[PDB]
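Raw contents of structure13.pdb, PDB, C-alpha atoms:
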```
ATOM      1  CA  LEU A   1       0.000   0.000   0.000  1.00  0.00           C
ATOM      2  CA  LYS A   2       1.025   3.442  -0.832  1.00  0.00           C
ATOM      3  CA  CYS A   3      -0.755   5.941   1.382  1.00  0.00           C
ATOM      4  CA  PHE A   4      -0.413   9.523   2.571  1.00  0.00           C
ATOM      5  CA  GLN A   5       1.584   8.870   5.702  1.00  0.00           C
ATOM      6  CA  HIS A   6       3.772  11.942   5.387  1.00  0.00           C
ATOM      7  CA  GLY A   7       1.106  13.913   3.588  1.00  0.00           C
ATOM      8  CA  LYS A   8       2.614  12.678   0.413  1.00  0.00           C
ATOM      9  CA  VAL A   9       1.716   9.202  -0.751  1.00  0.00           C
ATOM     10  CA  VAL A  10       4.501   6.927   0.434  1.00  0.00           C
ATOM     11  CA  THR A  11       4.956   3.228   0.253  1.00  0.00           C
ATOM     12  CA  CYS A  12       4.100   1.621   3.585  1.00  0.00           C
ATOM     13  CA  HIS A  13       5.917  -1.600   4.589  1.00  0.00           C
ATOM     14  CA  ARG A  14       4.691  -5.048   3.417  1.00  0.00           C
ATOM     15  CA  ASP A  15       3.304  -5.613   6.927  1.00  0.00           C
ATOM     16  CA  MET A  16       0.971  -2.756   6.350  1.00  0.00           C
ATOM     17  CA  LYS A  17      -2.280  -4.038   5.030  1.00  0.00           C
ATOM     18  CA  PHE A  18      -4.244  -1.023   6.065  1.00  0.00           C
ATOM     19  CA  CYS A  19      -3.777   2.663   5.977  1.00  0.00           C
ATOM     20  CA  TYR A  20      -5.356   4.547   8.794  1.00  0.00           C
ATOM     21  CA  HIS A  21      -6.966   7.858   9.125  1.00  0.00           C
ATOM     22  CA  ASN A  22      -7.322   8.813  12.705  1.00  0.00           C
ATOM     23  CA  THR A  23      -9.185  11.967  13.386  1.00  0.00           C
ATOM     24  CA  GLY A  24      -7.609  12.182  16.802  1.00  0.00           C
ATOM     25  CA  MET A  25      -9.770  13.711  19.407  1.00  0.00           C
ATOM     26  CA  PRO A  26     -12.231  16.486  18.583  1.00  0.00           C
ATOM     27  CA  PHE A  27     -10.207  19.589  19.205  1.00  0.00           C
ATOM     28  CA  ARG A  28     -10.472  22.953  17.649  1.00  0.00           C
ATOM     29  CA  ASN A  29      -7.436  25.003  16.494  1.00  0.00           C
ATOM     30  CA  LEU A  30      -5.469  21.775  16.445  1.00  0.00           C
ATOM     31  CA  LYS A  31      -4.305  20.597  13.088  1.00  0.00           C
ATOM     32  CA  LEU A  32      -2.575  17.285  13.696  1.00  0.00           C
ATOM     33  CA  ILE A  33      -2.554  14.552  11.155  1.00  0.00           C
ATOM     34  CA  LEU A  34      -2.841  10.971  12.197  1.00  0.00           C
ATOM     35  CA  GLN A  35      -2.521   9.235   8.897  1.00  0.00           C
ATOM     36  CA  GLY A  36      -0.245   6.306   8.689  1.00  0.00           C
ATOM     37  CA  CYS A  37      -0.273   2.690   7.837  1.00  0.00           C
ATOM     38  CA  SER A  38      -1.062  -0.227  10.024  1.00  0.00           C
ATOM     39  CA  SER A  39      -0.487  -3.932   9.909  1.00  0.00           C
ATOM     40  CA  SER A  40      -3.638  -4.658  11.839  1.00  0.00           C
ATOM     41  CA  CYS A  41      -5.903  -1.683  12.074  1.00  0.00           C
ATOM     42  CA  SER A  42      -8.981  -1.347  14.239  1.00  0.00           C
ATOM     43  CA  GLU A  43     -11.900   0.005  12.314  1.00  0.00           C
ATOM     44  CA  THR A  44     -13.661   2.571  14.375  1.00  0.00           C
ATOM     45  CA  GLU A  45     -15.310   5.840  13.517  1.00  0.00           C
ATOM     46  CA  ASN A  46     -12.501   7.660  15.278  1.00  0.00           C
ATOM     47  CA  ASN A  47      -9.881   5.927  13.236  1.00  0.00           C
ATOM     48  CA  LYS A  48     -10.773   4.704   9.849  1.00  0.00           C
ATOM     49  CA  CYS A  49      -8.938   1.900   8.239  1.00  0.00           C
ATOM     50  CA  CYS A  50      -8.770   1.653   4.531  1.00  0.00           C
ATOM     51  CA  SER A  51      -6.905  -0.977   2.573  1.00  0.00           C
ATOM     52  CA  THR A  52      -6.765   0.745  -0.779  1.00  0.00           C
ATOM     53  CA  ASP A  53      -3.895   2.785  -2.165  1.00  0.00           C
ATOM     54  CA  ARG A  54      -4.062   6.520  -1.646  1.00  0.00           C
ATOM     55  CA  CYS A  55      -7.252   6.035   0.442  1.00  0.00           C
ATOM     56  CA  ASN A  56      -6.118   8.357   3.254  1.00  0.00           C
ATOM     57  CA  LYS A  57      -6.267  11.446   1.098  1.00  0.00           C
TER
END
```

Using the file provided, produce a representation of the structure as structure tokens.
Amino acid sequence: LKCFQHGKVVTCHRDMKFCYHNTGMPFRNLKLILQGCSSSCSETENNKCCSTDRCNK
């Protein structure tokens, strides 16, 4: 999977079956990105787990 881990779409390791988009905690004035790749992601509504390339756009 190649996903936007560093903002740019980068190739995640072969262990990484999922790319995650974590929204963090609802905070205002806080722009922190929690987009990386995961080997075994936990699908929640807080953190979304997609397994398609460039999904975490």

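Using all atoms listed in the file, the shortest contact distance between residue 21 in chain A and any of A:51, A:5, A:35, A:42 is found at A:35.
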
Given 4 Å on each side, where is the centre and what are the edge lengths in Å to one decimal of the axis-aligned box enclosing the listed atoms of range 20-39 of chain A, as AutoDock Vina command-line options?
```
--center_x -6.2 --center_y 10.5 --center_z 13.6 --size_x 20.0 --size_y 36.9 --size_z 19.6
```

Report task. Skip range 25-34 of chain A itself and residues of its chain fewer than 3 positions away, then list as a VMD selection string all residues within 9 Å of it, counting only C-alpha atoms. Result -> chain A and resid 5 to 7 20 to 22 46 to 47

**Report entry** Residue among A:8, A:24, A:45, A:18 lying closest to residue 57 in chain A, counting all atoms listed in the file
**Finding:**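 Of A:8, A:24, A:45, A:18, the one nearest residue 57 in chain A, counting all atoms listed in the file, is A:8.
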
Query raised in the report: In Å, how far is it from CA of residue 55 in chain A to CA of residue 37 in chain A?
Result: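 Interatomic distance, CA of residue 55 in chain A to CA of residue 37 in chain A: 10.7 Å.
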
Query raised in the report: Quick one: of A:10, A:23, A:16, A:4, who's nearest to residue 41 in chain A, counting all atoms listed in the file?
Result: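 When distances to residue 41 in chain A are compared using all atoms listed in the file, the smallest one comes from A:16.
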
Query raised in the report: Between CA of residue 36 in chain A and CA of residue 54 in chain A, what is the spacing in Å?
Result: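 A separation of 11.0 Å between them.
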
**Report entry** Interatomic distance, CA of residue 15 in chain A to CA of residue 43 in chain A (Å, one decimal)
**Finding:**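 Separation between CA of residue 15 in chain A and CA of residue 43 in chain A: 17.1 Å.
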